[PDB]
Each structure stands twice: as structure tokens, then as C-alpha cells.
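Quick notes on the structure that follows.
Because only heavy atoms are used, hydrogens play no part in the values below, and waters and symmetry mates are left out as well, while side chains stay in. Note that the numbering runs from 1 along the sequence shown for the chain.
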Amino acid sequence: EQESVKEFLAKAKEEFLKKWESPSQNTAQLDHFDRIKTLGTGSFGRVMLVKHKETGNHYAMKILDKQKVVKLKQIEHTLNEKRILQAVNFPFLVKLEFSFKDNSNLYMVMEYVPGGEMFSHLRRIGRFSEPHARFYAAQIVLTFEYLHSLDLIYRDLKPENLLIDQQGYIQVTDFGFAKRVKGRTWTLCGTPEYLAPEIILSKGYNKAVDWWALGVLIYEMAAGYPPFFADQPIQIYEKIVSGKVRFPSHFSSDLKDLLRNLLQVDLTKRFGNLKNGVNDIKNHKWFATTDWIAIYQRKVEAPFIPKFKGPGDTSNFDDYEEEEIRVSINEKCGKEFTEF
């Protein structure tokens, strides 16, 4: 690697480790914000558009119910998510602006990206052209180069987690499964269509699972559907482990070749996990047109800019039942979340 890249990553790791070792805590409180709209909901939390009452700035506030986190055995994951997010700094990672907790919930207040999820845009457009898919893929390659150099595995790559910003660039959101790992880790987590074979087979796995997921993402962006799908998870998993994938005839030869090397079932042969690391991907002919520095510097004109009216526009998000943000009179699960 050019010494310029080595020195960049050395400084990135220094800055990450300082924040990792002394995390920020308790940097706002709930009544500093007005609630605007629910942007998404899950089994133990929700994301809400909020507005800071003094500055007027909009944010996306992720709210996690401590009791449901415990019940659903996500304590370590939630602590991972916040400790990682408060420590990272990269152009294609969403910025955590505040965090805090109260008697009932954990809160992560992030920059609000009004353009919405890539998944919605992909399903609306149908499929992305190879140049368009390549523009997004390059950002993920650089983001994983950064995260992996910090010993971080992301473990939830999929278009739903990739927000499209006001310049048409990606912001990765949702670090709920991200983890600092030296060597191997074992947790079953992810999304079925995106799981690498070694996760399905219950092995000790490493950052190679993120490169597998990049193959899935590039395939889904360029085809409009993922490479392994079926009605039931077990049928998806059978396809993943089989070592067979079929490509649409419209895929270029270079795209097919890259994908065979990312969707390589043998992790010891998978691009991104070889002696040359990320450079086997960056130097592949499918990326021959990519100016890696210009992507990092956000100098490339994007394939499209989402349509939105301003920083508070929610048109690119869908509609959910608006439920209370209840805070108990009594502290719940204090011990489990002391470090948050």
C-alpha cells in the first residue's frame, strides 16, 4: 500500500482508540427535543425524527427499550453499537451527535439523512446500472477498509442500512451488529439473504463475512434482487452454502468475475481475505474506472440526488403508527447498561 494510505489508517486508528477507551456518555436529554415522526420500528426499538428545541436542527433518534433489549438478549450488541458509533469518523458513516439513557430507554441521536434508504430507491428504480452500483460499492469498499483496520466487523450490510444523503453519497446507519473483534467471533446475526456460509454453518468467522455481504449487495444493486432468495430462511441457507450462483445475462463479464470472488464459499479464497487484502478488490477490472481518492473526497458527481424539500422532509420514509415514548417512574436494568 502507498505510505499515504498506511499513514492515513494509522491516524484513523489512533483517533478511534482514544474515543474507544474513553467513550462519551450522557450528552443530551429527551426534553431537549420535540418528536416529529416515527421513521422505523423494530422488536426492541424505533427511530424517530426529532428537532432540537434550542438549535432547530433535525436528528434521527434511535430509541431502545432496555427491558426488550434484555429479553431479546441484545445487551452486548447495544453496548457495541453505541461505543463503536461514538468512536468512528469516516465520510460514509453516519455521525452520532448525542447519546443518553433514562429509566426505560437508551437513546442514540444521529444526523438525519432525508434522502432515505437505498432499498427504497432500488425497489423504485428496479435495478441500478453498473456505474451506479459501482459508485455505491466503492464507498462500501473504502468504509470496510476503514472499519476492518480498526478491528471492527460490520455484520449487517444491506441496502436498508445505507442512507442516501443530500449529495447522493452513502451514510451507513445501524451499527446494532457491529463488533470489535481481533480474530474470530461466533454470534449468529445478520439478515438471511446476506449471511456468509461460515455464519450459517456456526463457525468462528472474521471480517471475510463483510466482503461476502458486499458481493450480495453488488449483485442485488445490479440485478434488482439478491442472489439467494426463497420463501423460507432454510431454503435461502441451502442456496448460500451450495457454491452456486446464477448471473443475469446483462451483467458484464467483469462484474461476474468480481462476484464469483466475493461470493466465494471458501473464506480462505474470498476476495478481501487474501494476502493482498482490500487491494484485490480495488484493483479488479470492474473497478478500473473508479478514482478511489475522488470517491473518498466526495468529488465524484453522484448518480442521483434524492428528491426532498428540506432537512425536515420525511417523504422518503414510510408511515408508522405513532406510539408513546414512555419513561418509567422507576429505573429499569440499570446494572446491565451502566457503561452506556
Side-chain angles (χ1 to χ4, degrees), residues 2-5 7-18 20 84-94 96-97 110-111 113 115 117-118 121 128-159 161-175 178 180 207 210-211 213-215 217-218 221-222 254-255 258 261-262 271-274 276-284 286-300 302-306:
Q2 292 202 350
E3 287 75 13
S4 57
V5 172
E7 295 306 314
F8 178 98
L9 293 170
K11 184 182 286 300
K13 189 169 192 199
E14 285 159 7
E15 296 188 358
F16 166 81
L17 282 173
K18 184 170 180 296
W20 179 252
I84 292 167
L85 274 180
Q86 65 85 42
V88 293
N89 170 33
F90 198 68
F92 313 122
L93 298 178
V94 77
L96 180 67
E97 304 278 6
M110 291 163 281
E111 173 168 347
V113 183
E117 293 177 4
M118 179 192 292
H121 292 292
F128 301 155
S129 72
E130 298 189 26
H132 186 169
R134 174 157 48 242
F135 172 82
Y136 294 149
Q139 294 170 61
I140 302 305
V141 170
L142 290 171
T143 299
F144 287 173
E145 179 173 25
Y146 171 83
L147 291 173
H148 293 171
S149 78
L150 300 178
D151 312 298
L152 298 170
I153 312 176
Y154 177 65
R155 301 198 297 188
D156 206 18
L157 187 69
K158 57 180 175 182
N161 283 346
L162 304 179
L163 302 174
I164 308 305
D165 75 18
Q166 302 95 317
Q167 292 192 303
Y169 281 75
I170 288 177
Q171 298 282 282
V172 182
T173 194
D174 197 341
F175 272 65
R180 189 152 197 248
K207 62 169 188 173
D210 279 338
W211 295 122
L214 176 64
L217 182 74
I218 294 173
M221 288 189 297
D254 290 335
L255 178 51
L258 175 60
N261 285 291
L262 291 170
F271 270 22
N273 202 42
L274 311 179
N276 281 321
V278 72
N279 294 328
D280 289 326
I281 298 164
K282 288 186 177 183
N283 293 334
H284 191 277
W286 194 68
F287 283 113
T289 59
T290 299
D291 180 342
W292 293 98
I293 290 172
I295 292 288
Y296 170 79
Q297 297 180 334
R298 289 172 165 259
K299 291 183 182 173
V300 178
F304 84 104
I305 313 294

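When all heavy atoms are compared, the tightest approach of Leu157 to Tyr154 is N-CE2, 3.3 Å. Of all heavy-atom pairs spanning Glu97 and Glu111, the tightest one is CG-N, 4.1 Å. Summarising the geometry of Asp174 relative to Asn161, their closest heavy-atom pair is CB-OD1, 3.6 Å, with the distance given to 0.1 Å. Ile164 and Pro306 get closest at one heavy-atom pair: CG2-CG, 3.5 Å. In this structure, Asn273 and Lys207 approach most closely via the heavy-atom pair OD1-CE, 4.1 Å. Among all heavy-atom pairs drawn from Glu145 and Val5, the shortest one is OE2-CG1, 4.0 Å.
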Does the side-chain contact (heavy atoms from CB on, under 4.5 Å) test come out yes or no for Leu147 and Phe175, once each step is laid out? CA-CA 12 Å; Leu147 291 173; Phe175 272 65; 4.3 Å; yes
Check against side-chain contact (heavy atoms from CB on, under 4.5 Å), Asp210 and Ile140: CA-CA 10 Å; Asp210 279 338; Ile140 302 305; over 6 Å; no
As a quick check of understanding, evaluate side-chain contact (heavy atoms from CB on, under 4.5 Å) for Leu162 and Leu217, giving each step before the final call. CA-CA 11 Å; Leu162 304 179; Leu217 182 74; 3.9 Å; yes
Step by step, work out the side-chain contact (heavy atoms from CB on, under 4.5 Å) result for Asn261 and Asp280. CA-CA 10 Å; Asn261 285 291; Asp280 289 326; over 6 Å; no
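Going from atom CD1 of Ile84 over to atom CG of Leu150 covers 9.5 Å, rounded to the nearest 0.5 Å. Put simply, CD1 on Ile153 and CZ on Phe144 are 10.5 Å apart, with the number rounded to the nearest 0.5 Å. Distance check, rounded to the nearest 0.5 Å: CG of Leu214 to CE of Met221 gives 7.0 Å.
Among residues two or more places apart in sequence or in another chain, the side-chain contact (heavy atoms from CB on, under 4.5 Å) test is passed with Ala138 by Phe287, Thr290, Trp292, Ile295. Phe128 is linked by a ring pair (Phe, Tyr, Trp, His ring centres under 6.0 Å) to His132, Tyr136, counting only residues two or more places apart in sequence or in another chain. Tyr146 pairs by the ring pair (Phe, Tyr, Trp, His ring centres under 6.0 Å) definition with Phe90, not counting sequence neighbours.
Using a 4.5 Å heavy-atom threshold, the side chains of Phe16 and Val88 count as touching. Residues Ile293 and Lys299 form no side-chain contact, since every pair of their non-hydrogen atoms from C-beta on lies 4.5 Å or further apart.
Under the 6.0 Å cut-off for aromatic ring centres, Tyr169 and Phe135 qualify, their centroids lying closer than that.
With respect to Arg298 and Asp165, a salt bridge is recorded, a charged nitrogen being found less than 4.0 Å from a carboxylate O.
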